[PDB]
Amino acid sequence: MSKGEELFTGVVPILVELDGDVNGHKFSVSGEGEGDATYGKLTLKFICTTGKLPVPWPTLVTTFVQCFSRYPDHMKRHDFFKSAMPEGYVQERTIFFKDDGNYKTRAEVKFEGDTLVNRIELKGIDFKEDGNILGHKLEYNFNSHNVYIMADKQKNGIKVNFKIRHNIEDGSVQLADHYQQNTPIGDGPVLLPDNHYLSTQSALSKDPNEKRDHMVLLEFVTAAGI
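Residues numbered from 1 in each chain as written, not as in the entry; some residues may be left out. Heavy atoms only, no water. Residues with missing side-chain atoms left out of burial classes, pairs and counts.

Engineer: When you look at the pattern of salt bridges in this model, what are you seeing that I'm missing?
Structural biologist: Opposite charge on two side chains allows them to pair when their charged atoms are near. Counted according to the given criterion, the structure contains 11 salt bridges. Between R106 and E92 there is a salt bridge, with the nearest N and O atoms lying 3.5 Å from each other. Taken as a pair, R106 in strand 5 (residues 102-112) and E92 in strand 4 (residues 89-97) lie far apart in primary sequence, 14 residues in all. A salt bridge links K163 to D177; the nearest nitrogen and oxygen atoms lie 3.5 Å apart. Note that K163 is positioned in strand 8 (residues 157-167) and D177 in strand 9 (residues 173-184), a separation of 14 residues in sequence. Exposure remark for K163: the relative accessible area of 37% places this residue in the partly exposed category. (Salt bridge = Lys/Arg side-chain N within 4 Å of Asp/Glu carboxyl O. Helix = DSSP H or I, 4+ residues; strand = E, 2+ residues; numbered from the N terminus. Buried < 20%, exposed > 50% of the residue type's maximum accessible area, 1.4 Å probe, protein only.)

Engineer: Quick question: what am I supposed to make of the packing of aromatic side chains here?
Structural biologist: Think of a pair of aromatic rings as described by two things: how far the centres are apart, and how the planes are tilted against each other in angle. As enumerated under the stated definition, the model contains 12 aromatic pairs in all. Between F80 and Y89 the ring centres are 5.8 Å apart and the planes differ by 50°, which places this aromatic pair in the tilted class. You'll find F80 and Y89 in the same group, each marked buried. An aromatic cluster is present here, built from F8, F68 and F111 joined pairwise through their rings. Seen from the ring of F8, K82 lies directly overhead, with NZ or CZ sitting 5.8 Å from the centre. For the cation-ring pair, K206 lies above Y140, with the distance from its terminal atom to the ring centre recorded as 4.4 Å. (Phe/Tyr/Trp six-rings, centres within 6.5 Å; stacked < 30°, edge-to-face > 60°. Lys NZ or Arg CZ within 6 Å of the ring centre and 35° of its normal.)

Engineer: What's the story with the pairing of strand 8 in this structure? I'm lost.
Structural biologist: Side-chain direction in a regular strand flips from residue to residue, so the side chains alternate between the two faces of the sheet. Bridging between strand 7 (residues 145-152) and strand 8 involves 5 bridges; their strand directions are antiparallel. Residue pairing for strand 8: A151 is matched across the bridge by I158. Counting the residues between successive antiparallel strands, the hairpin from strand 7 to strand 8 contains 4 residues, one of them, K153, with a positive phi of roughly 95°. As paired elements, strand 8 and strand 9 share 10 bridges and run antiparallel to each other. Its bridge partner being in strand 9, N161 is matched across the sheet by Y179. (Pairing = 2+ DSSP bridges.)

What follows is the structure in structure tokens.
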């Protein structure tokens, strides 16, 4: 008994498209890969189509499909993400980079045929031209962490909150505080959950054969706290 549940039974193709502007720095990213919600597994490869990425890849990871999360059988009734499919949902965010600029994001996640699409437009402002971000002082990696989920309303969506800790080259750490809201695109029914969280793990890599600026990402996500 689940609208979107059936959709995530096998390996689903993913298409990611982002349009960003950060301090007047305009760029575009395209991504392709697949997801297997059974294992909470994701494999994506991103390419900066406009040349060299103005910001650091690691800062984009979170922006670049939580419907691929693995919900244990006992927690299935809490899967809002899959429940909004195939119609989709809106994922909006504000990411405050401590002592630096912020990112404003608005994405739409939905199926286009049998392809899971993530269409995003990002807006970045107040960045320090010499900060860790514009300054590119961030390490090419990513730490594990949790994602906190809570419902919003009685038919509406969810609010999610969490912090990312980006490692700097000097051993220090750059904080990225995420504020996120999700709203279903249709007028159909959706699963509203009790509080829980998602335990995420990500590995960033590079493709030796790839001459363009890009990032290879492997992510594993599993619901818990219930």
